[PDB]
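Here is the file query-v1.pdb (PDB, C-alpha atoms and all ligand atoms).
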```pdb
ATOM      1  CA  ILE A  19      78.542 -10.280  10.325  1.00  0.00           C
ATOM      2  CA  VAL A  20      75.248 -10.244  12.251  1.00  0.00           C
ATOM      3  CA  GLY A  21      72.528 -12.725  11.288  1.00  0.00           C
ATOM      4  CA  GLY A  22      74.722 -14.536   8.777  1.00  0.00           C
ATOM      5  CA  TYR A  23      76.017 -18.058   8.314  1.00  0.00           C
ATOM      6  CA  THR A  24      79.322 -19.896   8.570  1.00  0.00           C
ATOM      7  CA  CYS A  25      80.728 -19.681   5.033  1.00  0.00           C
ATOM      8  CA  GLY A  26      82.735 -22.893   5.086  1.00  0.00           C
ATOM      9  CA  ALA A  27      86.533 -23.051   4.985  1.00  0.00           C
ATOM     10  CA  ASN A  28      88.077 -21.376   1.914  1.00  0.00           C
ATOM     11  CA  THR A  29      84.726 -20.944   0.126  1.00  0.00           C
ATOM     12  CA  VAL A  30      85.424 -17.208  -0.266  1.00  0.00           C
ATOM     13  CA  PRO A  31      88.949 -17.464  -1.711  1.00  0.00           C
ATOM     14  CA  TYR A  32      89.427 -13.714  -2.343  1.00  0.00           C
ATOM     15  CA  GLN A  33      88.694 -12.826   1.308  1.00  0.00           C
ATOM     16  CA  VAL A  34      91.758 -11.675   3.231  1.00  0.00           C
ATOM     17  CA  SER A  35      92.402 -10.769   6.862  1.00  0.00           C
ATOM     18  CA  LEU A  36      94.581  -7.724   7.553  1.00  0.00           C
ATOM     19  CA  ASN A  37      96.706  -8.459  10.610  1.00  0.00           C
ATOM     20  CA  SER A  38      98.841  -6.093  12.717  1.00  0.00           C
ATOM     21  CA  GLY A  39      99.341  -8.515  15.614  1.00  0.00           C
ATOM     22  CA  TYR A  40      95.612  -9.240  15.450  1.00  0.00           C
ATOM     23  CA  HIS A  41      92.864  -9.167  12.793  1.00  0.00           C
ATOM     24  CA  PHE A  42      91.586  -5.590  12.366  1.00  0.00           C
ATOM     25  CA  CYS A  43      89.995  -5.460   8.883  1.00  0.00           C
ATOM     26  CA  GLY A  44      88.989  -7.475   5.850  1.00  0.00           C
ATOM     27  CA  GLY A  45      90.126  -7.027   2.273  1.00  0.00           C
ATOM     28  CA  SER A  46      89.710  -8.497  -1.210  1.00  0.00           C
ATOM     29  CA  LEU A  47      92.471 -10.019  -3.341  1.00  0.00           C
ATOM     30  CA  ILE A  48      92.164  -8.524  -6.855  1.00  0.00           C
ATOM     31  CA  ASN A  49      95.371  -9.978  -8.296  1.00  0.00           C
ATOM     32  CA  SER A  50      98.425 -11.933  -7.088  1.00  0.00           C
ATOM     33  CA  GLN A  51     100.081  -8.807  -5.571  1.00  0.00           C
ATOM     34  CA  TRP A  52      97.224  -6.417  -4.653  1.00  0.00           C
ATOM     35  CA  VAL A  53      94.409  -6.182  -2.111  1.00  0.00           C
ATOM     36  CA  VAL A  54      91.510  -3.706  -2.022  1.00  0.00           C
ATOM     37  CA  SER A  55      90.280  -2.589   1.410  1.00  0.00           C
ATOM     38  CA  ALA A  56      88.706   0.468   3.094  1.00  0.00           C
ATOM     39  CA  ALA A  57      90.731   3.666   3.560  1.00  0.00           C
ATOM     40  CA  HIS A  58      89.586   3.739   7.191  1.00  0.00           C
ATOM     41  CA  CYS A  59      91.517   0.455   7.623  1.00  0.00           C
ATOM     42  CA  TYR A  60      94.786   2.291   6.923  1.00  0.00           C
ATOM     43  CA  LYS A  61      97.672   1.689   9.317  1.00  0.00           C
ATOM     44  CA  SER A  62     101.361   0.783   9.177  1.00  0.00           C
ATOM     45  CA  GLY A  63     102.717  -2.728   9.785  1.00  0.00           C
ATOM     46  CA  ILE A  64     100.080  -4.677   7.861  1.00  0.00           C
ATOM     47  CA  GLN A  65     100.443  -8.394   7.180  1.00  0.00           C
ATOM     48  CA  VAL A  66      97.988  -9.780   4.636  1.00  0.00           C
ATOM     49  CA  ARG A  67      96.638 -13.219   5.532  1.00  0.00           C
ATOM     50  CA  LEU A  68      95.217 -15.231   2.634  1.00  0.00           C
ATOM     51  CA  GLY A  69      93.579 -18.663   2.660  1.00  0.00           C
ATOM     52  CA  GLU A  70      92.139 -18.121   6.157  1.00  0.00           C
ATOM     53  CA  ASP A  71      89.135 -19.716   7.756  1.00  0.00           C
ATOM     54  CA  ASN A  72      89.766 -19.864  11.507  1.00  0.00           C
ATOM     55  CA  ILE A  73      91.968 -16.772  12.006  1.00  0.00           C
ATOM     56  CA  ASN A  74      93.211 -18.106  15.389  1.00  0.00           C
ATOM     57  CA  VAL A  75      94.438 -21.502  14.093  1.00  0.00           C
ATOM     58  CA  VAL A  76      96.939 -22.430  11.363  1.00  0.00           C
ATOM     59  CA  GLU A  77      94.854 -24.919   9.342  1.00  0.00           C
ATOM     60  CA  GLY A  78      97.195 -25.443   6.362  1.00  0.00           C
ATOM     61  CA  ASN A  79      96.006 -23.297   3.444  1.00  0.00           C
ATOM     62  CA  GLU A  80      97.206 -19.886   4.669  1.00  0.00           C
ATOM     63  CA  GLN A  81      99.685 -17.547   3.049  1.00  0.00           C
ATOM     64  CA  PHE A  82     101.052 -14.745   5.244  1.00  0.00           C
ATOM     65  CA  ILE A  83     102.595 -11.886   3.221  1.00  0.00           C
ATOM     66  CA  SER A  84     103.623  -8.463   4.564  1.00  0.00           C
ATOM     67  CA  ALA A  85     102.467  -5.324   2.766  1.00  0.00           C
ATOM     68  CA  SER A  86     105.182  -3.358   0.946  1.00  0.00           C
ATOM     69  CA  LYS A  87     102.980  -0.292   0.469  1.00  0.00           C
ATOM     70  CA  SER A  88      99.496   1.053   1.058  1.00  0.00           C
ATOM     71  CA  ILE A  89      97.785   3.642  -1.153  1.00  0.00           C
ATOM     72  CA  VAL A  90      94.784   5.474   0.305  1.00  0.00           C
ATOM     73  CA  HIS A  91      92.512   7.106  -2.255  1.00  0.00           C
ATOM     74  CA  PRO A  92      93.702  10.683  -2.852  1.00  0.00           C
ATOM     75  CA  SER A  93      90.199  12.057  -2.135  1.00  0.00           C
ATOM     76  CA  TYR A  94      89.432   9.998   0.974  1.00  0.00           C
ATOM     77  CA  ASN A  95      87.721  12.108   3.633  1.00  0.00           C
ATOM     78  CA  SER A  96      87.847  10.387   7.037  1.00  0.00           C
ATOM     79  CA  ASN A  97      85.028  12.550   8.447  1.00  0.00           C
ATOM     80  CA  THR A  98      82.429  11.790   5.739  1.00  0.00           C
ATOM     81  CA  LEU A  99      84.027   8.477   4.636  1.00  0.00           C
ATOM     82  CA  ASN A 100      83.671   9.626   1.027  1.00  0.00           C
ATOM     83  CA  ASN A 101      86.077   7.642  -1.184  1.00  0.00           C
ATOM     84  CA  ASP A 102      86.609   4.975   1.497  1.00  0.00           C
ATOM     85  CA  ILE A 103      88.970   2.798  -0.517  1.00  0.00           C
ATOM     86  CA  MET A 104      92.645   1.831  -0.334  1.00  0.00           C
ATOM     87  CA  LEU A 105      95.051  -0.458  -2.167  1.00  0.00           C
ATOM     88  CA  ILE A 106      97.619  -2.661  -0.434  1.00  0.00           C
ATOM     89  CA  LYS A 107     100.549  -4.210  -2.320  1.00  0.00           C
ATOM     90  CA  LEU A 108     102.048  -7.497  -1.136  1.00  0.00           C
ATOM     91  CA  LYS A 109     105.844  -7.793  -0.743  1.00  0.00           C
ATOM     92  CA  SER A 110     105.632 -11.005  -2.781  1.00  0.00           C
ATOM     93  CA  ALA A 111     102.986 -12.423  -5.125  1.00  0.00           C
ATOM     94  CA  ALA A 112     100.475 -14.824  -3.571  1.00  0.00           C
ATOM     95  CA  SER A 113     100.383 -18.365  -4.948  1.00  0.00           C
ATOM     96  CA  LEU A 114      96.959 -18.560  -6.568  1.00  0.00           C
ATOM     97  CA  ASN A 115      94.940 -21.770  -6.250  1.00  0.00           C
ATOM     98  CA  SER A 116      91.319 -22.903  -5.627  1.00  0.00           C
ATOM     99  CA  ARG A 117      91.415 -21.561  -2.040  1.00  0.00           C
ATOM    100  CA  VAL A 118      93.381 -18.348  -2.696  1.00  0.00           C
ATOM    101  CA  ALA A 119      92.006 -16.571  -5.747  1.00  0.00           C
ATOM    102  CA  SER A 120      91.471 -13.047  -7.022  1.00  0.00           C
ATOM    103  CA  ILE A 121      88.023 -11.480  -7.490  1.00  0.00           C
ATOM    104  CA  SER A 122      87.180  -9.612 -10.711  1.00  0.00           C
ATOM    105  CA  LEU A 123      86.616  -5.863 -10.704  1.00  0.00           C
ATOM    106  CA  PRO A 124      83.265  -4.717 -12.083  1.00  0.00           C
ATOM    107  CA  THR A 125      82.818  -3.675 -15.700  1.00  0.00           C
ATOM    108  CA  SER A 126      79.534  -1.984 -14.727  1.00  0.00           C
ATOM    109  CA  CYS A 127      77.865  -0.824 -11.513  1.00  0.00           C
ATOM    110  CA  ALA A 128      75.428  -3.274  -9.892  1.00  0.00           C
ATOM    111  CA  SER A 129      71.781  -2.214  -9.589  1.00  0.00           C
ATOM    112  CA  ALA A 130      69.462  -1.977  -6.597  1.00  0.00           C
ATOM    113  CA  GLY A 131      67.920  -5.413  -6.054  1.00  0.00           C
ATOM    114  CA  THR A 132      71.062  -7.298  -7.074  1.00  0.00           C
ATOM    115  CA  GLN A 133      71.867 -10.071  -4.598  1.00  0.00           C
ATOM    116  CA  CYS A 134      75.399  -9.996  -3.163  1.00  0.00           C
ATOM    117  CA  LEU A 135      77.640 -11.895  -0.757  1.00  0.00           C
ATOM    118  CA  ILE A 136      79.145  -9.989   2.173  1.00  0.00           C
ATOM    119  CA  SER A 137      81.771 -11.711   4.337  1.00  0.00           C
ATOM    120  CA  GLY A 138      84.088 -11.153   7.297  1.00  0.00           C
ATOM    121  CA  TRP A 139      85.303 -11.960  10.804  1.00  0.00           C
ATOM    122  CA  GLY A 140      83.514  -9.036  12.459  1.00  0.00           C
ATOM    123  CA  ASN A 141      81.166  -8.893  15.448  1.00  0.00           C
ATOM    124  CA  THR A 142      78.163 -11.254  15.221  1.00  0.00           C
ATOM    125  CA  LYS A 143      75.951  -9.438  17.755  1.00  0.00           C
ATOM    126  CA  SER A 144      73.972  -6.192  17.257  1.00  0.00           C
ATOM    127  CA  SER A 145      74.096  -5.528  21.003  1.00  0.00           C
ATOM    128  CA  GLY A 146      77.182  -6.624  22.917  1.00  0.00           C
ATOM    129  CA  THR A 147      80.194  -8.318  21.385  1.00  0.00           C
ATOM    130  CA  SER A 148      81.136 -11.740  20.065  1.00  0.00           C
ATOM    131  CA  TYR A 149      83.851 -12.239  17.479  1.00  0.00           C
ATOM    132  CA  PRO A 150      83.819 -15.435  15.478  1.00  0.00           C
ATOM    133  CA  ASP A 151      87.061 -17.012  14.513  1.00  0.00           C
ATOM    134  CA  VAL A 152      85.723 -18.662  11.348  1.00  0.00           C
ATOM    135  CA  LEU A 153      84.595 -16.636   8.326  1.00  0.00           C
ATOM    136  CA  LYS A 154      80.941 -15.545   8.321  1.00  0.00           C
ATOM    137  CA  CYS A 155      78.817 -14.828   5.251  1.00  0.00           C
ATOM    138  CA  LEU A 156      75.629 -12.882   4.506  1.00  0.00           C
ATOM    139  CA  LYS A 157      73.506 -12.813   1.373  1.00  0.00           C
ATOM    140  CA  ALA A 158      71.997  -9.342   0.994  1.00  0.00           C
ATOM    141  CA  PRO A 159      70.446  -7.172  -1.724  1.00  0.00           C
ATOM    142  CA  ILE A 160      71.639  -3.762  -2.850  1.00  0.00           C
ATOM    143  CA  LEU A 161      69.083  -1.134  -1.776  1.00  0.00           C
ATOM    144  CA  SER A 162      67.763   1.755  -3.875  1.00  0.00           C
ATOM    145  CA  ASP A 163      69.636   5.062  -3.704  1.00  0.00           C
ATOM    146  CA  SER A 164      66.413   6.729  -2.496  1.00  0.00           C
ATOM    147  CA  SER A 165      65.922   4.280   0.402  1.00  0.00           C
ATOM    148  CA  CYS A 166      69.630   4.572   1.253  1.00  0.00           C
ATOM    149  CA  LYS A 167      69.451   8.385   1.316  1.00  0.00           C
ATOM    150  CA  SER A 168      66.187   8.255   3.295  1.00  0.00           C
ATOM    151  CA  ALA A 169      67.823   5.982   5.897  1.00  0.00           C
ATOM    152  CA  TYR A 170      70.841   8.284   6.242  1.00  0.00           C
ATOM    153  CA  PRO A 171      69.795  11.852   5.381  1.00  0.00           C
ATOM    154  CA  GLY A 172      72.731  14.060   4.325  1.00  0.00           C
ATOM    155  CA  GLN A 173      75.355  11.274   4.461  1.00  0.00           C
ATOM    156  CA  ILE A 174      75.120   9.190   1.254  1.00  0.00           C
ATOM    157  CA  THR A 175      77.434  10.317  -1.555  1.00  0.00           C
ATOM    158  CA  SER A 176      77.610   9.078  -5.157  1.00  0.00           C
ATOM    159  CA  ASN A 177      80.481   6.821  -4.015  1.00  0.00           C
ATOM    160  CA  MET A 178      78.312   4.857  -1.559  1.00  0.00           C
ATOM    161  CA  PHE A 179      75.478   2.354  -1.656  1.00  0.00           C
ATOM    162  CA  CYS A 180      73.345   0.612   0.945  1.00  0.00           C
ATOM    163  CA  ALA A 181      72.909  -3.150   1.105  1.00  0.00           C
ATOM    164  CA  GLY A 182      71.006  -5.358   3.521  1.00  0.00           C
ATOM    165  CA  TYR A 183      67.617  -5.225   5.206  1.00  0.00           C
ATOM    166  CA  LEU A 184      65.621  -2.259   6.532  1.00  0.00           C
ATOM    167  CA  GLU A 185      63.860  -4.596   8.999  1.00  0.00           C
ATOM    168  CA  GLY A 186      67.232  -5.133  10.738  1.00  0.00           C
ATOM    169  CA  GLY A 187      68.787  -8.333  12.096  1.00  0.00           C
ATOM    170  CA  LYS A 188      71.198  -8.984   9.195  1.00  0.00           C
ATOM    171  CA  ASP A 189      74.205  -6.742   8.475  1.00  0.00           C
ATOM    172  CA  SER A 190      77.983  -6.423   8.449  1.00  0.00           C
ATOM    173  CA  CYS A 191      79.560  -5.015  11.615  1.00  0.00           C
ATOM    174  CA  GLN A 192      82.765  -3.879  13.374  1.00  0.00           C
ATOM    175  CA  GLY A 193      85.688  -5.995  12.162  1.00  0.00           C
ATOM    176  CA  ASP A 194      84.103  -6.651   8.751  1.00  0.00           C
ATOM    177  CA  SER A 195      85.449  -3.237   7.683  1.00  0.00           C
ATOM    178  CA  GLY A 196      87.331  -3.292   4.399  1.00  0.00           C
ATOM    179  CA  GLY A 197      85.870  -6.646   3.367  1.00  0.00           C
ATOM    180  CA  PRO A 198      84.074  -7.649   0.146  1.00  0.00           C
ATOM    181  CA  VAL A 199      80.595  -7.228  -1.218  1.00  0.00           C
ATOM    182  CA  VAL A 200      80.536  -9.529  -4.256  1.00  0.00           C
ATOM    183  CA  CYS A 201      77.625  -9.657  -6.716  1.00  0.00           C
ATOM    184  CA  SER A 202      77.504 -12.024  -9.703  1.00  0.00           C
ATOM    185  CA  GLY A 203      81.231 -12.744  -9.287  1.00  0.00           C
ATOM    186  CA  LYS A 204      82.323  -9.074  -9.275  1.00  0.00           C
ATOM    187  CA  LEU A 205      83.606  -6.942  -6.387  1.00  0.00           C
ATOM    188  CA  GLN A 206      80.958  -4.207  -6.175  1.00  0.00           C
ATOM    189  CA  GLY A 207      81.416  -3.015  -2.586  1.00  0.00           C
ATOM    190  CA  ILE A 208      83.732  -2.599   0.379  1.00  0.00           C
ATOM    191  CA  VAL A 209      82.417  -2.732   3.965  1.00  0.00           C
ATOM    192  CA  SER A 210      82.548   0.934   4.994  1.00  0.00           C
ATOM    193  CA  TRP A 211      80.074   2.115   7.643  1.00  0.00           C
ATOM    194  CA  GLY A 212      76.654   2.100   9.298  1.00  0.00           C
ATOM    195  CA  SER A 213      74.877   3.269  12.450  1.00  0.00           C
ATOM    196  CA  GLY A 214      75.421   0.383  14.864  1.00  0.00           C
ATOM    197  CA  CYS A 215      74.838  -3.029  13.244  1.00  0.00           C
ATOM    198  CA  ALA A 216      71.659  -4.756  12.055  1.00  0.00           C
ATOM    199  CA  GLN A 217      69.476  -1.928  13.399  1.00  0.00           C
ATOM    200  CA  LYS A 218      66.050  -1.215  11.914  1.00  0.00           C
ATOM    201  CA  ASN A 219      66.230   1.343   9.062  1.00  0.00           C
ATOM    202  CA  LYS A 220      70.034   1.548   9.331  1.00  0.00           C
ATOM    203  CA  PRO A 221      71.401  -0.729   6.621  1.00  0.00           C
ATOM    204  CA  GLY A 222      75.093  -1.220   5.896  1.00  0.00           C
ATOM    205  CA  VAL A 223      76.810   1.376   3.721  1.00  0.00           C
ATOM    206  CA  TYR A 224      79.441   0.281   1.219  1.00  0.00           C
ATOM    207  CA  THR A 225      82.048   1.921  -0.988  1.00  0.00           C
ATOM    208  CA  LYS A 226      80.884   1.878  -4.616  1.00  0.00           C
ATOM    209  CA  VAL A 227      83.814   0.043  -6.241  1.00  0.00           C
ATOM    210  CA  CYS A 228      82.656   0.533  -9.855  1.00  0.00           C
ATOM    211  CA  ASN A 229      83.499   4.263  -9.496  1.00  0.00           C
ATOM    212  CA  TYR A 230      87.150   3.383  -8.765  1.00  0.00           C
ATOM    213  CA  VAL A 231      88.067   0.839 -11.450  1.00  0.00           C
ATOM    214  CA  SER A 232      90.066   3.346 -13.512  1.00  0.00           C
ATOM    215  CA  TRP A 233      91.942   4.532 -10.418  1.00  0.00           C
ATOM    216  CA  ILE A 234      92.622   0.949  -9.314  1.00  0.00           C
ATOM    217  CA  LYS A 235      93.890  -0.169 -12.732  1.00  0.00           C
ATOM    218  CA  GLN A 236      96.076   2.900 -13.257  1.00  0.00           C
ATOM    219  CA  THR A 237      97.499   2.756  -9.726  1.00  0.00           C
ATOM    220  CA  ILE A 238      98.364  -0.938 -10.048  1.00  0.00           C
ATOM    221  CA  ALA A 239      99.933  -0.297 -13.470  1.00  0.00           C
ATOM    222  CA  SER A 240     102.445   2.220 -12.028  1.00  0.00           C
ATOM    223  CA  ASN A 241     103.154   0.844  -8.539  1.00  0.00           C
TER     224      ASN A 241
HETATM  225 CA    CA B 301      93.996 -19.885  10.003  1.00  0.00          CA
END
```
Can the structure in the file be given as structure tokens, please?
Ligand SMILES: [Ca+2]
Amino acid sequence: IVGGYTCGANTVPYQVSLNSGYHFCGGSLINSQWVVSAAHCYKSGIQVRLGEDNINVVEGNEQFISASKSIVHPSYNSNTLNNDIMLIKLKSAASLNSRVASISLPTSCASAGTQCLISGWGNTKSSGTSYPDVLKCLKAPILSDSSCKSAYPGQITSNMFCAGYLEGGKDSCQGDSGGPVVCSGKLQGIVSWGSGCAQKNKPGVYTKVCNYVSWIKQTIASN
């Protein structure tokens, strides 16, 4: 997260870190056994880490649970990043509490102008590299489809939306991939892509979760 703030320990209780020897992506806990992340975060050997703040220190509220299976969206295209969504099932159910909690799926799509919370452990610089160890947060509005398409001609599908600031300076970044965009207590987006980070006229692009609720519910119900 570039141009954000330190969230505060366990203030984003649905935020997970995906770990394969090291943090490589974020995710969102949507019930006791399932995490939603980006399809481009797919790999084998995933451990889901819940209750994290400093991802380099065991602080006492963590739960570490290995994934039993990952399910990439059947229509995911890794070239265009269309349908950039994946489900991860935990080998055992997480113990839900005030610091480890699921986030609700949307009942309706969120509109341009809606304020959302984006979070993650990704790079905090737009040029160069600095990875925080504590969770970072950014409040950002959803942008209009027209401004999104104008920023990224030929690249924005009906399964994507832009959020952030056209002036630059505030954005998600590398390492935030797969993490949540939450608006009015609903998971509306997944950190997907962008051209660099926090660059003028290149806002963050996010997977439009409301298009996938039926797929998510049906997949969970049979897996
Ligand atoms: Ca920790």
Residues matched by the PyMOL selection byres (((chain A and resi 86) around 6) and not hetatm), written as a list in words
residues 85, 87, 107, 108 and 109 of chain A
How would the residues just picked look written out with C-alpha atoms as a PDB file, in the coordinates of the input?
```
ATOM      1  CA  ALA A  85     102.467  -5.324   2.766  1.00  0.00           C
ATOM      2  CA  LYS A  87     102.980  -0.292   0.469  1.00  0.00           C
ATOM      3  CA  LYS A 107     100.549  -4.210  -2.320  1.00  0.00           C
ATOM      4  CA  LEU A 108     102.048  -7.497  -1.136  1.00  0.00           C
ATOM      5  CA  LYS A 109     105.844  -7.793  -0.743  1.00  0.00           C
TER       6      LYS A 109
END
```
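With distances restricted to only C-alpha atoms, A:198 is the closest residue to residue 122 (chain A) from A:140, A:198, A:63, A:92.
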List every protein, DNA or RNA residue that has at least one atom no more than 10 Å from (64.0, -4.6, 9.7) in the file's coordinates, counting all atoms listed in the file, and write the result as a PyMOL selection string.
chain A and resi 182-188+216-221
Please identify all polymer residues within 8 Å of residue 161 (chain A), counting only C-alpha atoms, omitting same-chain residues fewer than 6 positions from it, and present them as a list in words.
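So the residues in contact are residues 130, 131, 179, 180, 181 and 182 of chain A.
With only C-alpha atoms as the atoms that count, the residue of A:191, A:223, A:123, A:34 with the shortest distance to residue 174 (chain A) is A:223.
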Could you write out as an mmCIF file with C-alpha atoms, keeping the file's coordinate frame the residues that the PyMOL selection byres (((not hetatm)) within 8 of (chain B and resi 301)) matches in the shown file?
```
data_model
loop_
_atom_site.group_PDB
_atom_site.id
_atom_site.type_symbol
_atom_site.label_atom_id
_atom_site.label_comp_id
_atom_site.auth_asym_id
_atom_site.auth_seq_id
_atom_site.Cartn_x
_atom_site.Cartn_y
_atom_site.Cartn_z
ATOM 1 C CA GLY A 69 93.579 -18.663 2.660
ATOM 2 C CA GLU A 70 92.139 -18.121 6.157
ATOM 3 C CA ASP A 71 89.135 -19.716 7.756
ATOM 4 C CA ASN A 72 89.766 -19.864 11.507
ATOM 5 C CA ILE A 73 91.968 -16.772 12.006
ATOM 6 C CA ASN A 74 93.211 -18.106 15.389
ATOM 7 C CA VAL A 75 94.438 -21.502 14.093
ATOM 8 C CA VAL A 76 96.939 -22.430 11.363
ATOM 9 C CA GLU A 77 94.854 -24.919 9.342
ATOM 10 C CA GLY A 78 97.195 -25.443 6.362
ATOM 11 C CA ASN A 79 96.006 -23.297 3.444
ATOM 12 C CA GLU A 80 97.206 -19.886 4.669
#
```
Run the PyMOL selection byres (((chain A and resi 155) around 6) and not hetatm) mentally over the shown coordinates, then write out the matched residues as a PyMOL selection string, using the chain letters and numbers from the document.
chain A and resi 22-23+25+136-137+154+156
Near residue 106 (chain A), within 10 Å and counting only C-alpha atoms, which residues show up once chain neighbours fewer than 6 positions away are dropped, as a ChimeraX atom specification?
/A:36,45-47,51-55,60,64-66,84-90,238
Using all atoms listed in the file, which of the listed residues (A:81, A:234, A:212, A:192) sits closest to residue 148 (chain A)?
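Closest to residue 148 (chain A) of all the choices is A:192.
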Listed atoms of region 197-216 of chain A boxed axis-aligned with 8 Å per side, centre + edges as JSON:
```
{"center_x": 78.8, "center_y": -4.7, "center_z": 2.6, "size_x": 30.2, "size_y": 32.0, "size_z": 40.6}
```
Within 8 Å of region 229-233 of chain A: each region 85-177 of chain A residue with its shortest pair, only C-alpha atoms, as a Markdown table:
```
| residue | atom | partner | partner_atom | distance |
| --- | --- | --- | --- | --- |
| A:123 | CA | A:231 | CA | 6.9 |
| A:124 | CA | A:231 | CA | 7.4 |
| A:127 | CA | A:229 | CA | 7.9 |
| A:177 | CA | A:229 | CA | 6.8 |
```
Among the residues A:26, A:207, A:159, A:196, the one that comes closest to residue 225 (chain A) [using all atoms listed in the file]
A:207
Nearest residue to residue 19 (chain A) out of A:201, A:135, A:68, A:169, using all atoms listed in the file?
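Using all atoms listed in the file, residue 19 (chain A) sits closest to A:135.
Of the residues under consideration (A:171, A:197, A:39, A:31), A:197 shows the shortest atom-to-atom contact distance to residue 58 (chain A) when counting all atoms listed in the file.
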Which residues are close to residue 121 (chain A), i.e. within 9 Å by only C-alpha atoms, leaving aside same-chain residues fewer than 5 positions away? Reply as a VMD selection string.
chain A and resid 31 to 33 46 to 49 200 203 to 205
Atomic distance CA of residue 195 (chain A) - CA of residue 100 (chain A), expressed in Å with one decimal:
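Separation between CA of residue 195 (chain A) and CA of residue 100 (chain A): 14.6 Å.
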In Å, with one decimal, what is the gap from CA of residue 37 (chain A) to CA of residue 226 (chain A)?
24.3 Å
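Going from CA of residue 208 (chain A) over to CA of residue 160 (chain A), you cover 12.6 Å.
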